[PDB]
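Participant: Following this message is one structure expressed as structure tokens.
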Amino acid sequence: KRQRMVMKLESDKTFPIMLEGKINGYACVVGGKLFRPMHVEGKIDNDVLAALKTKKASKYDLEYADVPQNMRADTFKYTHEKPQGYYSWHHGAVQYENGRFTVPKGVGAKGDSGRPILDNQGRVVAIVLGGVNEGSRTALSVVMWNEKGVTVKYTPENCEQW
Amino acid sequence: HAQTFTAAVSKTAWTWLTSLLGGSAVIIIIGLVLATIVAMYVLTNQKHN
């Protein structure tokens with residue numbers, strides 16, 4: 001039953017990015033590191049995180065920032081391992097195969113960048129920067145983390161920024 | 001004899017000219033090598049396999 005999956009998915013919360021009352025994206029924290037896409041600009045909803053100094057990634061199109069120690073407990077847990085199957089995402093479950101994550105066509109658009117992908121246990125596997133519809137499914141320009149502790153950004157051909 | 005086109009001034013002159021013109025070329029080569037190896041480093045960090 002998908003209802004329980006949706007209920008588990010809708011448990012945790014993220015911090016959106018605002019620009020003049022418009023939500024251009026989301027800014028999540030995982031493992032004590034603040035993340036938000038660089039191409040998406042705005043002000044983070046929470047003032048404290050918005051006050052943090054951040055640095056830019058030229059080829060990765062996102063910013064990073066260390067959360068304060070007194071708040072690092074309240075962070076999402078990551079997973080370098082990505083078993084084959086379907087994963088929970090805010091809009092809906094994500095069916096992924098061949099190392100690339102796919103969503104039903106017509107799901108996800110601008111302002112949905114940066115929303116993390118959760119596993120069955122709630123650990124974040126990867127975050128999405130954009131996606132392109134290529135037929136019945138829509139491949140997503142997600143950035144994943146490798147087992148060794150590295151960062152990987154699988155971007156499909158001529159993908160669309162969100 | 002007034003022919004003066006090269007007229008090598010001294011061995012020290014050519015040595016210094018090689019040192020300060022050519023060592024810059026070496027530094028350029030080192031920088032290019034570093035850029036290439038870090039590009040391959042990014043490639044392998046993204047997907048070595």
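Labels used: A, B, ... for chains in the order of the structure tokens, numbers from 1 for residues in each chain, and numbers from 1 for ligands as shown.
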Would you kindly report the residues of chain A within 12 Å of chain B, using only C-alpha atoms, as a list in words?
Facilitator: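 Therefore, the residues near the partner are residues 59, 60, 99, 143, 144, 145, 146, 147, 148, 149, 150, 151, 152, 153, 154 and 155 of chain A.
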Participant: How many Å lie between CA of residue 18 (chain A) and CA of residue 44 (chain A), rounded to one decimal?
Facilitator: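 Between these atoms lies a distance of 5.9 Å.
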Participant: Looking only at the backbone, which of the residues in chain B does DSSP tag as alpha helix (DSSP H), as number ranges by chain?
Facilitator: B: 11-20, 23-47
Participant: Kindly indicate which residue among A:124, A:57, A:62, A:117 lies nearest to residue 102 (chain A), using only C-alpha atoms for the distances.
Facilitator: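 For residue 102 (chain A), the nearest of the given residues is A:117.
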Participant: Report as a PDB file with C-alpha atoms, in the first residue's frame all protein, DNA and RNA residues lying within 10 Å of residue 41 (chain A), evaluated on only C-alpha atoms, omitting residues in the same chain fewer than 5 positions from it.
Facilitator:
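Written out: part-v3.pdb:
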ATOM      1  CA  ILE A  17      14.181  29.253  -0.119  1.00  0.00           C
ATOM      2  CA  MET A  18      12.226  32.482  -0.546  1.00  0.00           C
ATOM      3  CA  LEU A  19      12.732  35.306  -3.038  1.00  0.00           C
ATOM      4  CA  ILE A  23       9.806  29.886  -3.283  1.00  0.00           C
ATOM      5  CA  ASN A  24      12.532  29.357  -5.876  1.00  0.00           C
ATOM      6  CA  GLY A  25      13.820  26.248  -4.105  1.00  0.00           C
ATOM      7  CA  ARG A  36      21.166  24.889  -1.585  1.00  0.00           C
TER       8      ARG A  36
END
Participant: Which distance in Å separates CA of residue 27 (chain A) and CA of residue 43 (chain A), to one decimal?
Facilitator: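 So the answer is 9.5 Å.
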Participant: I'd like the contact shell of residue 112 (chain A) - 9 Å cut-off, only C-alpha atoms, skipping same-chain residues fewer than 2 positions apart - returned as a list in words.
Facilitator: residues 24, 25, 26, 108, 109, 110, 114, 115, 128, 129, 130 and 162 of chain A
Participant: Tell me which protein, DNA and RNA residues are within 12 Å of residue 132 (chain A), counting only C-alpha atoms, leaving out same-chain ones fewer than 2 positions away, and put them as a PyMOL selection string.
Facilitator: chain A and resi 101-110+128-130+134-142+155-162
Participant: Mind dumping the selected residues with C-alpha atoms as an mmCIF file, in the first residue's frame?
Facilitator:
data_model
loop_
_atom_site.group_PDB
_atom_site.id
_atom_site.type_symbol
_atom_site.label_atom_id
_atom_site.label_comp_id
_atom_site.auth_asym_id
_atom_site.auth_seq_id
_atom_site.Cartn_x
_atom_site.Cartn_y
_atom_site.Cartn_z
ATOM 1 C CA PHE A 101 16.419 8.198 -10.833
ATOM 2 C CA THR A 102 13.150 8.489 -12.753
ATOM 3 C CA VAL A 103 9.790 10.010 -11.847
ATOM 4 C CA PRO A 104 6.426 9.858 -13.617
ATOM 5 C CA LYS A 105 6.195 12.435 -16.374
ATOM 6 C CA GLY A 106 4.576 15.683 -15.308
ATOM 7 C CA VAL A 107 5.935 15.454 -11.742
ATOM 8 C CA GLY A 108 8.455 18.043 -10.602
ATOM 9 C CA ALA A 109 9.171 21.488 -12.038
ATOM 10 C CA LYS A 110 10.912 24.742 -11.135
ATOM 11 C CA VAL A 128 17.776 16.858 -7.036
ATOM 12 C CA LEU A 129 18.961 19.960 -8.883
ATOM 13 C CA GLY A 130 16.729 19.513 -11.929
ATOM 14 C CA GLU A 134 12.318 12.122 -21.968
ATOM 15 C CA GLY A 135 9.102 10.155 -22.475
ATOM 16 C CA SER A 136 6.929 8.255 -20.014
ATOM 17 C CA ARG A 137 9.445 8.956 -17.230
ATOM 18 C CA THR A 138 11.448 12.062 -16.328
ATOM 19 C CA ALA A 139 15.123 11.699 -15.479
ATOM 20 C CA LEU A 140 16.379 13.945 -12.694
ATOM 21 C CA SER A 141 19.702 15.786 -12.477
ATOM 22 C CA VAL A 142 20.442 14.485 -9.007
ATOM 23 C CA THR A 155 23.078 14.899 -14.852
ATOM 24 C CA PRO A 156 21.131 13.684 -17.902
ATOM 25 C CA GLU A 157 21.767 15.129 -21.338
ATOM 26 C CA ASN A 158 20.352 18.635 -21.890
ATOM 27 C CA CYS A 159 18.635 18.539 -18.520
ATOM 28 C CA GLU A 160 16.352 21.323 -17.314
ATOM 29 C CA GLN A 161 17.221 23.541 -14.357
ATOM 30 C CA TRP A 162 14.728 23.766 -11.509
#
